[PDB]
Undergrad: 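Dropping the structure in here first, questions after.
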Amino acid sequence: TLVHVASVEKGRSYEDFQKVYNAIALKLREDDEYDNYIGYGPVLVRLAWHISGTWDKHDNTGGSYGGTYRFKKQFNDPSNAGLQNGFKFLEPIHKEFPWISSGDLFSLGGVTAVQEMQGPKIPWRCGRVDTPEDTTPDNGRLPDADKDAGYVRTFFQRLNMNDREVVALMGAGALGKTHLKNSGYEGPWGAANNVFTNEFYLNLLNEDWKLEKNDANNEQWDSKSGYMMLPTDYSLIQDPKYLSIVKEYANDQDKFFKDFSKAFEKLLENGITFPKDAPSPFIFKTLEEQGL
Ligand code: HEM
């Protein structure tokens, strides 16, 4: 198991990272038109999870720390197609703040997007360090969507995530949508695409789902309301343990926010050793809380 010790960007503290937060949040506001006015919030949240989700607990490869990845077929793979827009969004931020590492920026982008879409506060730690010499390909490390509950449970054990963590994670605020041309799946999980909610769980339990074939010839669960669920999403109510938790989050927004917050931060911090002398996690204020 390689060891990856967090190292604070030289001389930086809270206020420096809140400035990066603010520029990300302000660009989020400014580039409102992206993806039929969904904006960049959702792809940023997906970007943070994708780079973090390359981690393997068994040898500590991958993860957010090194910020250095090689994306299968340079994003023209259904597993990662669409993420380049997220990296392109963060390039001007990186140019404005060249001192932040890549792992810190990718992960802070996901935290910023969640909060600015009114999701829970997500504490965030700095100190990931680029590892240009050691690149992690995402190839085969992220999960397939045409699978069942056992697949999902087993996949996530590699990320040291349990049933609750997994169900909290996948709902992912019901942000954004699947795009047929990226992934071979089409449609949103809910009606409020760029607001962080527990509506994934509600829709899953309350919508009338039909198992259909999309124009890419892949099966997905569809509702007359125009929502969709991937086979892996749907499995969360086919498995009896997952189903209980789905119901729990459907019925308690605050519990879901708190569980999501813990699991997302954990996900974003996997693979990383924080010195005992490391600063405490930062909780960034939103633009709205700052009156900006
Ligand atoms: C079993 C695990 C999961 C599967 C199979 C998977 C599958 C998918 C697929 C197929 C898409 C569509 C990509 C495209 O068409 O644009 C996608 C979207 C997305 N994923 Fe995942 N995902 C899973 C886990 C996660 C989790 C844990 C998060 C974050 C906590 C998440 C975040 C998102 C978000 C926010 C998008 C929307 C992107 C956009 O609107 O541009 N996913 N995912």
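All values below were derived from every heavy atom in this structure, side-chain atoms included, with hydrogens, water molecules and symmetry-related copies excluded. Along the sequence shown, the residues carry numbers beginning at 1. All ligand and atom numbering here is 1-based and tracks the order in the structure.
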Undergrad: Which side-chain hydrogen bond (donor to acceptor under 3.5 Å, both in side chains) pairs, counting each pair once, include a residue from residues 123-132, with sequence neighbours left out?
TA: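 Passing the test, one end in residues 123-132: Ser64-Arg128, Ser102-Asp130, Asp104-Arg128, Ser107-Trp124, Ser107-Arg128.
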Undergrad: With ring centroids as reference points, do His50 and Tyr69 lie under 6.0 angstrom apart?
TA: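 Between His50 and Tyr69, the centre distance exceeds or equals 6.0 Å.
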Undergrad: I'd like to know whether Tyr34 forms a ring pair (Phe, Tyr, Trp, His ring centres under 6.0 Å) with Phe89, so could you lay out the CA-CA distance, the side-chain angles of the two residues, the decisive distance to 0.1 Å, and finally the verdict.
TA: CA-CA 10 Å; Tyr34 176 74; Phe89 181 93; 8.5 Å; no
Undergrad: Show me the donor-acceptor pairs, under 3.5 Å and distance only, between side chains in residues 274-285 and residues at least two apart or in other chains.
TA:
| from | atom 1 | to | atom 2 | distance (Å) |
| --- | --- | --- | --- | --- |
| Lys285 | NZ | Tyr14 | OH | 2.5 |
| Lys285 | NZ | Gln18 | OE1 | 2.8 |

Undergrad: Test: side-chain hydrogen bond (donor to acceptor under 3.5 Å, both in side chains). Region: residues 188-204. Which pairs qualify, not counting sequence neighbours?
TA: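 Output for this query lists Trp189-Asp233.
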Undergrad: Kindly state whether the ring of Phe257 and the ring of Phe196 have centres lying under 6.0 angstrom apart.
TA: yes
Undergrad: Could you name the protein residues that come within less than 4.0 Å of ligand 1, counting only heavy atoms, and order them by chain and residue number?
TA: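 If the criterion is a heavy atom under 4.0 Å, then ligand 1 touches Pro42, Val43, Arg46, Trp49, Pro143, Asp144, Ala145, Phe156, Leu169, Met170, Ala172, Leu175, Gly176, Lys177, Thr178, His179, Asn182, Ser183, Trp189, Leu230, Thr232.
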